[PDB]
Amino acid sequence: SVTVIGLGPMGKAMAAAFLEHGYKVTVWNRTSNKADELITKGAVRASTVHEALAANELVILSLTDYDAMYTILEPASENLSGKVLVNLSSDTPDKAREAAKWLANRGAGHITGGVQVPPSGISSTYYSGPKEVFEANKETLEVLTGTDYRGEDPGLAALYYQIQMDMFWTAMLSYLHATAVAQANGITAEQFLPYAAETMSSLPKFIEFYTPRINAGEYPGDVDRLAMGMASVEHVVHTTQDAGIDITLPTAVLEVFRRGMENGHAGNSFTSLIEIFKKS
C-alpha cells in the first residue's frame, strides 16, 4: 500500500510507522545493502527500483540529496508514469522545482515535503505541489507527521524548511558562541542554561511585536533605537575579544548594524536592518 526509498534515518523511521498500520510496504536502498530487519514485518524488498516502483502508486523518497534521485530513477523512468512520488528532501527551492518538472515529464504525480523534525519526530511537515494530489494522499501522510500544505509551487516546502534552518543554525551558533564566552569567564554551560533558555524563549514576544510593523515596511524607533542597538553590539564584540573568543560571528552582526547606521536609520528601529538584508 506504500513504498519507501532510502532506508536511512527518516527512511526506516518512516518505514517502521508504515508497517505498523497495514500497508503492503516495499523498500529499497541506494547502496543496495539488505537492511534485513524491516523485511521481518511485512516488507518486500525488490532487486531493483523497477519493481519497487511498480509495487505501489505511492512512493516516498528519503534520499541524501536530489542528485541521487535522478541517478536511480532514470533507469526506471518508463515506470514512474502514473505514480505519486512524495519527495522528502532538505534541498533548495530551485532543486525541488527542477525535480518536480522532471517527474511530471514522466507522467508522475509529485509532492514536495519539508520534514521539520529528526527521525525521532516520526510534529509537522511542509508540503507543496499540485493541490489535488496532496489532498488525495493526505491521510496516508498524516501517519508520518502532521501535514502543513503551503501551496502550489513545488519549491515552497523546501523554502519554508530553509528559512527555518536559517534561524536555527544562526541562533544555535550564537548560543555556542555565548557559551564559549561564558566558560572563558568561569561560568559553566550548566549554570548558563536557564539564562540561554529565557533569552531564546523571549524572542517570540519580540517577533509578534515587530511583525506587523515589518509587514508594513515601517521602522519607527518608539521602543528601540538602531544606534543603541549598535552600541550594544559593540559591547558584545569587545566582551568577546577580552575573553579571547573568536569574534567573526558577532562582527558579522556588527557589520549589518554599521550599514544600517550609514543608510540613515540611526533613529529608526533596529528592525530597519531588514532593508539592509534586501540590499538597499
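One rule holds for the numbers: they count along the sequence shown, beginning at 1.
With respect to the deposited sequence, how many residues separating residue 73 from residue 74 are not represented by coordinates: none, 1 to 3, 4 to 9, or 10 or more?
The entry leaves nothing out here.
Quick one: higher average CA temperature factor, 24-32 or 231-239?
That would be 24-32.
Read off the CA B-factors in the entry, average them over 199-207 and over 141-149, and name the higher stretch.
Going by the record's values, the stretch with the higher mean is 141-149.
Per the coordinate record, which of the options 44, 247, 58, 226 holds the highest CA temperature factor?
The record points to 44.
Among 120, 191, 170, 179, where is the Cα temperature factor highest, going by the PDB entry?
So the option with the highest C-alpha B-factor is 120.
Could you say whether, by C-alpha temperature factor, residue 14 belongs to the lowest, middle or highest third of its chain?
It falls in the top third of the chain.
Based on the entry's values, in what third of the chain does the Cα temperature factor of residue 218 lie: lowest, middle or highest?
It falls in the middle third of the chain.
Taking the entry's C-alpha B-factors for this chain, is residue 94 in the lowest, middle or highest third?
For residue 94, the deposited C-alpha B-factor lands in the middle third.
Select lowest, middle or highest to describe the third in which the CA B-factor of residue 77 falls within its chain in this entry.
Highest third.
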